[PDB]
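Asker:
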Amino acid sequence: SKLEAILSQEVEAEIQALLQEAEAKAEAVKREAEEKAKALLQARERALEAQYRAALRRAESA
Amino acid sequence: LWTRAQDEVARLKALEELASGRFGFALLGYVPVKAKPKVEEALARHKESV
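Keeping their order, the protein sequence lines are chains V and C. So the first sequence is numbered by the working numbering: it starts at 1 and just counts up by one. So the second sequence is numbered by the working numbering: it starts at 101 and just counts up by one.
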């Protein structure tokens, strides 16, 4: 009915805004995890490059 | 402000005489027949004339 349409539409739009809040929360969870992952990858690559430079210096000394 | 306070207390203590769950309420009342146009024009104000 008409009042069914009113109640359903209004508080279902409230539930939809709640779902948008939940999706924004999940995106904020994923963003910092991606940041930590890429920072770990970059630090690993930096440590590897320092290791290879030390290996080249050892080969030069030999 | 005493008149205002009596009005607020009367409205809130009569507000518990309803029946609801989570997406709506319903109430019942009695109206004398020579008060039907006044209540009808007063309840014509609300959302989609509920």
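From the three backbone atoms N, C-alpha and C, an ideal C-beta is built for every residue, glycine too.
If you follow the alpha helix (DSSP H) that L112 (chain C) is in, where does it begin and where does it stop?
Answerer: Looking at the DSSP string, the run of the alpha helix (DSSP H) that includes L112 (chain C) is 102-114.
Asker: Is any beta-carbon of chain C found at less than 8 Å from that of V11 (chain V)?
Answerer: Yes, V11 (chain V) lies at the interface with chain C (some Cβ there is under 8 Å from its Cβ).
Asker: Output the distance between the C-alpha atoms of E32 (chain V) and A26 (chain V), rounded to the nearest integer angstrom.
Answerer: Taking the straight line joining both Cα atoms gives about 11 Å.
Asker: What number of angstroms, rounded off, separates the C-alpha of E14 (chain V) from the C-alpha of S8 (chain V)?
Answerer: Taking the straight line joining both Cα atoms gives about 10 Å.
Asker: Would a C-beta distance cut-off of 8 Å place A119 (chain C) and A110 (chain C) closer than the cut-off?
Answerer: No, they are not a contact pair.
Asker: Is DSSP giving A144 (chain C) helix, strand or coil here?
Answerer: In this structure, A144 (chain C) counts as coil in the three-state DSSP scheme.
Asker: Do you know whose CA, among C:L101, C:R145, C:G124, lies nearest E10 (chain V)'s CA?
Answerer: The shortest Cα separation from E10 (chain V) among C:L101, C:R145, C:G124 belongs to C:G124.
Asker: What are the boundary residues of the alpha helix (DSSP H) that includes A62 (chain V)?
Answerer: Unbroken run through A62 (chain V): none, as it is neither H nor E.
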